[PDB]
Amino acid sequence: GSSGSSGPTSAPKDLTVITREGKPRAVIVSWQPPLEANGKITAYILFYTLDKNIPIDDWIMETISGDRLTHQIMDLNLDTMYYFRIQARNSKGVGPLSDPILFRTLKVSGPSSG
């Protein structure tokens, strides 16, 4: 009957990644709801990976509650560039992703440069 499953055609914004204060390997990726969401978001799928040479598919996809606009990652490498790409998904489907943000992870084991 209702075969009108299209989905959002725009990626989220305000995509920021900050290292937790209680844990370095942990980060709080916050974002905002898209405009062309084409319908309230029911779920948010985030993707992150240190290597971009691989297809967004090979990346590590993470499901999030549409109600929430943030995601906490655990077990992250130290002193390694990590790309970020999140998107919006509604009862219908999911659209594109946001630009790959370049955010390096804290460094617990440092050679004592500074």
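Some notes on this structure:
- Each residue in segment 41-69 was checked for being more than 11 Å from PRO8 (Cβ to Cβ), surrounded by fewer than 16 Cβ atoms within 10 Å (Cβ to Cβ) and not hydrophobic (A, V, I, L, M, F, W, C), and 11 pass.
- Verdict on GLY7 being exposed (fewer than 15 other Cβ atoms within 10 Å of the Cβ) and more than 13 Å from the chain's Cα centre (by Cα): no
- Scanning segment 25-48 for residues that are among the polar types (S, T, N, Q) and either at positive phi or part of a loop (DSSP other than H, G, I, E, B) (or both) gives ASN38, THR42.
- Within the set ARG25, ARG85, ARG104, the sole residue that is closer than 20 Å to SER10 by Cβ, in contact (Cβ under 8 Å) with a residue 12 or more places away in the chain and among the basic types (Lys, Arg) turns out to be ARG85.
- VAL17 being assigned to a strand (DSSP E or B) and touching a residue at least 60 places away in the same chain (Cβ under 8 Å): yes
- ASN38 vs. criteria of a type in the set (S, T, N, Q), over 15 Å from the mean Cα position of the chain (by Cα) and surrounded by 14 or more Cβ atoms within 10 Å (Cβ to Cβ): yes
- Of the numbered criteria (1) touching a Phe, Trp or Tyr at 6+ places or on another chain (Cβ under 7 Å); (2) outside any strand (DSSP E or B), the one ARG85 fails is (2).
- Single residue of segment 52-65 satisfying the filter (in contact (Cβ under 8 Å) with a residue 12 or more places away in the chain and in a loop (DSSP other than H, G, I, E, B)) that is nearest to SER5 (Cα to Cα): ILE56
- Of the residues making up segment 86-114, those that are of a type in the set (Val, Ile, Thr) and under 30 Å from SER5 (Cα atoms) are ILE86, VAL94, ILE101.
- Segment 84-99, residues that are surrounded by 17 or more Cβ atoms within 10 Å (Cβ to Cβ) and either in contact with a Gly (Cβ under 9 Å, 6 or more places away or on another chain) or closer than 17 Å to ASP51 by Cβ (or both): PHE84, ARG85, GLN87, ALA88, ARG89, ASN90, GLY95, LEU97
Any read-out appearing in this document is the output of simple, stated calculations on the displayed coordinates, not a laboratory observation. As a convention, Cβ positions derive from the backbone with ideal geometry for all residues, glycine included, and neighbour counts pool all protein chains shown.
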